[PDB]
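J.: As they're listed, the protein sequences go chains A and B.
Under full-length UniProt numbering, the residues of the first sequence are numbered 299 to 338, 348 to 718, in order.
Under full-length UniProt numbering, the residues of the second sequence are numbered 299 to 338, 350 to 716, in order.
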Amino acid sequence: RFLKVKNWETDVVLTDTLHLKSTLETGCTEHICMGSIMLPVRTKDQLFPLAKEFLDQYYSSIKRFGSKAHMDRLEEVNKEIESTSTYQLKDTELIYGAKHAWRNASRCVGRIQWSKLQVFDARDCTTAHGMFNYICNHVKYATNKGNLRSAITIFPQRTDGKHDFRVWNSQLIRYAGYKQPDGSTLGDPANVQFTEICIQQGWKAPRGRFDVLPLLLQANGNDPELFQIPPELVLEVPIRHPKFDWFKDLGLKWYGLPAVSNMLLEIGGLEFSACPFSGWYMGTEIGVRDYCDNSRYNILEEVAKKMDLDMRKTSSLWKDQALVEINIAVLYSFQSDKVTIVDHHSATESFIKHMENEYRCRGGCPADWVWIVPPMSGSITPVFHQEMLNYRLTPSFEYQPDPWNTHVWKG
Amino acid sequence: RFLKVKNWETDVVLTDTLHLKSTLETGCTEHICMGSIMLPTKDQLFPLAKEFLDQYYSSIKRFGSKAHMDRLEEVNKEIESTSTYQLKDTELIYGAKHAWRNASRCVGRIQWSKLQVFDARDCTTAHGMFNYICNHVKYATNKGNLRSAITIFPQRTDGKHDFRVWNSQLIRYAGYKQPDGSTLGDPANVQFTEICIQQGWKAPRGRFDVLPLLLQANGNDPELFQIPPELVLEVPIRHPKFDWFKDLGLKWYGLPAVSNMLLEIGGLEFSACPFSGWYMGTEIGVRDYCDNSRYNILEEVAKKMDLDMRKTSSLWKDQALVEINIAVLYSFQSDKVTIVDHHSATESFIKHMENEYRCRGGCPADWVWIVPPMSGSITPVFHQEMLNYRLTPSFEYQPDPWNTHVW
Ligand code: HEM
Ligand code: HEM
Ligand SMILES: Cc1cc(N)nc2cc(-c3ccc(CCN)cc3)ccc12
Ligand SMILES: Cc1cc(N)nc2cc(-c3ccc(CCN)cc3)ccc12
Ligand SMILES: C[C@H](O)[C@H](O)[C@H]1CNc2nc(N)[nH]c(=O)c2N1
Ligand SMILES: C[C@H](O)[C@H](O)[C@H]1CNc2nc(N)[nH]c(=O)c2N1
Ligand SMILES: [Zn+2]
């Protein structure tokens, strides 16, 4: 079966066959679409088919399908599963798997870069202190003094689910949020719950508006431990505006390195529950979502006031005007400090090129329109008019429940 | 099977049961989501009629009543006899109002129950069609105090006698090609503008030329009709702060009246059913003016604002887009023509969603089309999970007439 997608702005039509190689479910049925729903222990029984599928993928990509090297690897993995109940990936397979998990991330607009991922093998790690050292080196490598480099660090895989490696932070670098007694919030409201956990674990909070949170790290199923990222490793950009000299007086800054640390990496049936990864920001992630979401820093009105906008009715689009100025300021600040950032026009244009390339060379590119389209100025970017197909390929990055809900506390 | 939708801005959770009443199919499977794809006899007719009449008589609390059973019997007889059936006026109004209520792509559904339905099923000719359409335009326009309306022409019989309005909207600006290169007028309508001249029209080859109507009655060849100019309410577009904005020479019409969809009720098909409401500001300023495949005056506005168009990272396209949209709302408001901005409409839709979950058990909603084409995440619909499913009565797409019409 073949499936066509149409770009309505250029009439380019593309044909997807890669969706046939899809395995997992989407949540949709023939009678309901859950395309806008945010989020819609494993035995030897089902593991070797999952391994064999991955290994067939891997050796196809290295043009060794059906080789002796291929069959011997299958046989070796077979004996390892039946004997030890799991198996280990070779370094080659792990690198391939992590790159293809990003390549298959249907919600990621930055996947033109998928093949330039630096993979850090931390599968020899055994303790929370060892995890912190690996994460510090990831942060330093990835940051590269503002010339950001994509990277992933991979901690040991799940075994019986009772010994997981977990990073309890959702991102490696994030600002604390503090609920005040008067109902207001100091800092980042998205991080109030995590901040409270950290304080409960003994973190001495500075209680400022831009406090970098400590790392809460869990090795081999033990209780998590706090570590402070050395401040010299946390690159930050003060936010100023190219025309408005009062914008600096807002006292805003952001960190340069987006590094998501709460997702699960799946490769050949193995589950890597601790696998922080990082790229560089698209400007709107900071300027639209991190600053102007009602449930975040919510500086729209303060910017709108300082601009002396008509804030009396929404039809003055004072909210839209303030939003664009904030996003100009975020991009100006980052470029001025020579810290890698991409605007949402450049990023979506590149993604369209990536997508067309993927259709030609790979026969498809799974893509989640609901997430690919930028959160402002959607239709003046070229992804808005691009039909997309969403389906789940493996290797993949998956969601996982927050560890404080599932962890069994030692004490 | 009793599904949940979360709003991530407020944590409000709603439980959907209405989807279990979904009949048609979505295009998605458990292996692939197609949520971003734009497009999808005597037997099956009586179950269709029964399901619809069961809906209708429940809504008036007459389910399993004398009137209900007799009507089902009456319709069943007329189907066995005539192979089709006719809707009572009350059923026709209900079916039309619920087709809008079910339109998962429509952000303006909070108004669904206040739809003025014009029964045009006695129409027999394109001249009659033109008359009914003129009365529709004047009623809906209402000197700028716009009123929602639908006019329903005779239902399809055997596909040979279809009533069709060939325009995609009752009021749209012409689109002419070029010996030069690109396009004068509206590029969206280039093909239709051809099939007007190629069908007889005399184009004034300007930029804001209101297209004639191309009306097809009882499956005959379509006929050209010019909509009386004094019924086409238009708004000159100025900006409340830029006075070179007027020099751009822009205007738009006040009445959005979509005329190419098909209205399905109780199995019956109405191929000509033009319906109208009033604009959300972004439909004109974001899409009609700024899409590359449309008027595309973005590059020209930004020049006039002396913005740095050398790098995309200056966000000049974004700054200009906002100003164009401020000007569209300003113009319509100044001329006392009904318009809604995308913040108010999406806020209204969240309240409508909450009402539908409360009093109906759900609301089919297409996030890809509900979220506005600018400033998406500062509107409340962005953070609202939606469930998309196809209820009936419904509005549906239909093929373009010229690709079908046995000439
Ligand atoms: C290199 C620059 C990159 C850019 C500019 C970029 C951009 C983005 C953006 C804007 C999102 C949407 C997040 C949101 O707005 O809430 C996203 C999602 C995502 N990105 Fe990328 N990304 C980059 C690199 C990477 C890398 C290196 C990985 C993994 C190795 C990755 C994996 C993902 C995944 C899995 C998601 C989906 C998360 C989810 O399902 O919630 N990205 N990306
Ligand atoms: C009264 C004010 C109304 C507003 C503000 C409104 C708003 C909108 C908007 C913004 C869209 C997206 C369309 C696009 O982007 O091209 C839409 C779609 C739609 N509207 Fe409404 N609308 C209104 C009235 C109505 C009425 C009266 C009907 C039917 C009786 C209707 C039926 C539809 C349908 C069927 C669609 C989707 C068409 C498709 O699937 O392509 N609307 N509406
Ligand atoms: C690697 C990478 C780079 C980047 N610029 N943004 C990301 C954004 C995400 C992401 C962050 C948060 C969320 C949910 C909250 N918006 C979903 C996805 C994950 C990874 C990213
Ligand atoms: C009744 C009504 C009012 C309004 N403000 N916009 C509409 C917009 C549409 C609409 C028209 C055309 C299309 C084609 C897809 N771009 C999609 C939706 C239909 C009816 C509308
Ligand atoms: C409910 C809705 O799906 C949810 O708010 C999604 C929409 N699209 C998104 N797109 C991006 N890039 N990031 C997001 O957090 C979201 N949130
Ligand atoms: C490709 C994509 O499905 C297409 O551009 C859709 C997306 N969302 C839309 N949303 C609205 N309201 N109107 C549209 O025309 C579209 N176009
Ligand atoms: Zn779907």
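No residue lacks a Cβ here, since even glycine has one placed at the ideal position from N, Cα and C.
(1) Taking the alpha helix (DSSP H) that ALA611(B) falls in, what are its first and last residues?
(2) Name, please, each residue of chain A whose Cβ falls closer than 7 Å to the Cβ of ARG596(B).
(3) Contact criterion: CB-CB distance below 7 Å. Does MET618(B) meet it with respect to chain A?
(4) Examine the Cβ distances between the region 506-519 of chain A and the region 480-495 of chain A and report whether three or more of them are shorter than 8 Å.
(5) Whether or not the region 427-442 of chain B and the region 458-476 of chain B are in contact is what I'm after, with contact meaning three or more pairs of Cβ atoms, one per stretch, closer than 8 Å; do they touch?
(6) What's the gap between the Cα of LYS469(A) and the Cα of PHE361(B)?
(7) With distances taken from CA atoms, which of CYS432(A), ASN712(A), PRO710(A), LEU700(A) is nearest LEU322(A)?
(8) Which residue or residues does DSSP assign as beta-bridge partners of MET570(B)?
(9) Write down the C-beta distance between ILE546(B) and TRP587(B) rounded to the nearest angstrom, noting that I regard them as a contact closer than 8 Å.
(10) So which of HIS407(B), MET618(B), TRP475(B), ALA497(B) has the shortest CA-CA distance to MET570(B)?
(11) Using a Cβ-Cβ distance cut-off of 7 Å, determine whether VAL499(A) contacts chain B.
(12) Given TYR365(B), which residues of its chain have a CB within under 6 Å of its CB, disregarding the five upstream and five downstream residues?
(13) Please identify, using Cβ separations under 8 Å, the residues of the region 398-431 of chain A that lie next to chain B, in order along the chain.
(14) With H, G and I counted as helix, E and B as strand and the rest as coil, what does DSSP make of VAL310(A)?
(15) When DSSP builds the beta bridges, which residues end up paired with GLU578(B)?
(16) Taking the alpha carbon of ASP352(A) as the point to measure from, which residue in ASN385(A), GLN525(A), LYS612(A) has its own alpha carbon closest?
(17) Taking 6 Å as the cut-off, is the C-beta of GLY586(A) nearer than that to any heavy atom in ligand 3?
(18) With which residues is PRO545(A) paired in a DSSP beta bridge?
(19) When you compare each of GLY437(B), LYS406(B), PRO496(B) to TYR598(B) by their alpha carbons, which one comes out closest?
(20) DSSP three-state call for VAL631(A): helix, strand or coil?
(21) Would you call the region 677-685 of chain B in contact with the region 670-689 of chain A, where contact means no fewer than 3 C-beta pairs closer than 8 Å?
(22) Would you report the Cα separation of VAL519(A) and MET618(A), rounded to the nearest angstrom?
(23) Given 8 Å as the limit, is there contact between the region 409-420 of chain B and the region 666-677 of chain B, that is, 3 or more CB pairs closer than that?
(24) With C-beta atoms as the reference, is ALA358(A) less than 7 Å away from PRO702(A)?
(25) Measuring only the C-alpha atoms, how far is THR621(B) from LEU381(A)?
(26) What does the shell around ligand 7 hold, if a residue joins when its beta-carbon is under 5 Å from any heavy atom?
(27) Please list the terminal residues of the continuous beta strand (DSSP E) segment that includes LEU524(A).
(28) Which of helix, strand or coil does DSSP assign to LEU624(A)?
(29) With DSSP as the reference, label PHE641(B) as helix, strand or coil.
(30) Could you tell me whether any Cβ in chain B is nearer than 7 Å to the Cβ of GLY333(A)?
(31) How many angstroms separate the CA atom of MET336(A) from the CA atom of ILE679(A)?
(32) According to DSSP, what are the bridge partners of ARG473(A)?
(33) Beta carbon of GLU663(B): closer than 6 Å to some heavy atom of ligand 5?
(34) How would you label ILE635(A), buried or exposed, when you count the other beta carbons within 10 angstroms and need 16 or more for buried?
(35) Would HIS445(A) be called buried (16 or more neighbouring beta carbons within 10 Å of its own) or exposed?
(36) Measuring only the C-alpha atoms, how far is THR434(A) from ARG465(A)?
T.: Per the coordinate set shown:
(1) Boundaries of the alpha helix (DSSP H) harbouring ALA611(B): 607-613, taken from the DSSP string.
(2) Residues of chain A passing the Cβ test: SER686.
(3) Chain A, which has no Cβ nearer than 7 Å to the Cβ of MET618(B), makes this no.
(4) Cβ pair count under 8 Å is three or more, so yes.
(5) At 8 Å Cβ cutoff, the stretches touch.
(6) When rounded, the distance between both Cα atoms is 55 Å.
(7) Checked all of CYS432(A), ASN712(A), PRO710(A), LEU700(A); the closest Cα to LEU322(A) is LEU700(A).
(8) The partner list for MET570(B) (beta bridge, DSSP) is empty, contrary to what the question assumes.
(9) Here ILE546(B) is actually not in contact with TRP587(B); their C-beta atoms are around 16 Å apart, not less than 8 Å.
(10) The shortest Cα separation from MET570(B) among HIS407(B), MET618(B), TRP475(B), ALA497(B) belongs to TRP475(B).
(11) No, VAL499(A) lies away from the interface with chain B (no Cβ there is under 7 Å from its Cβ).
(12) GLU400, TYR403, listed in sequence order.
(13) When C-beta distances to chain B are compared with 8 Å, every residue of the region 398-431 of chain A stays at or above that value.
(14) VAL310(A) falls in the coil class under three-state DSSP.
(15) Assignment of beta-bridge partners to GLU578(B) by DSSP yields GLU573(B).
(16) Of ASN385(A), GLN525(A), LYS612(A), the smallest CA-CA separation from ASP352(A) is found for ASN385(A).
(17) Distances taken from the Cβ of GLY586(A) to the heavy atoms of ligand 3 include one shorter than 6 Å.
(18) For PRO545(A), DSSP records a beta bridge to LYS560(A).
(19) Answer by Cα proximity: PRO496(B).
(20) In this structure, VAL631(A) counts as helix in the three-state DSSP scheme.
(21) With a cut-off of 8 Å, the region 670-689 of chain A and the region 677-685 of chain B count as touching, because enough Cβ pairs lie within range.
(22) So the two alpha carbons sit approximately 33 Å from each other.
(23) Yes, they touch.
(24) The Cβ atoms of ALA358(A) and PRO702(A) lie no closer than 7 Å to each other.
(25) Rounded to the nearest whole angstrom, the C-alpha separation of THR621(B) and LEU381(A) is 50 Å.
(26) Here the list is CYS326(A), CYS331(A), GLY333(A), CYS326(B), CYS331(B), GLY333(B).
(27) Note, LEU524(A): beta strand (DSSP E), 522-525.
(28) Looking at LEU624(A) - three-state DSSP - the assignment turns out to be coil, as it is neither helix nor strand.
(29) Residue state, collapsed to three classes: helix.
(30) Proximity of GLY333(A) to chain B, defined by a Cβ-Cβ separation below 7 Å, is satisfied.
(31) Going from the Cα of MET336(A) to the Cα of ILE679(A) covers about 13 Å.
(32) Under DSSP, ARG473(A) shares a beta bridge with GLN525(A).
(33) Taking the Cβ of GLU663(B) as the reference point, every heavy atom of ligand 5 lies at 6 Å or farther away.
(34) Burial is judged here by how many other beta carbons sit within 10 angstroms of a residue's own beta carbon; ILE635(A) has at least 16 and is buried.
(35) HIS445(A) counts as buried, since at least 16 other C-beta atoms from the protein chains shown sit within 10 angstroms of its C-beta.
(36) Going from the Cα of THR434(A) to the Cα of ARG465(A) covers about 15 Å.
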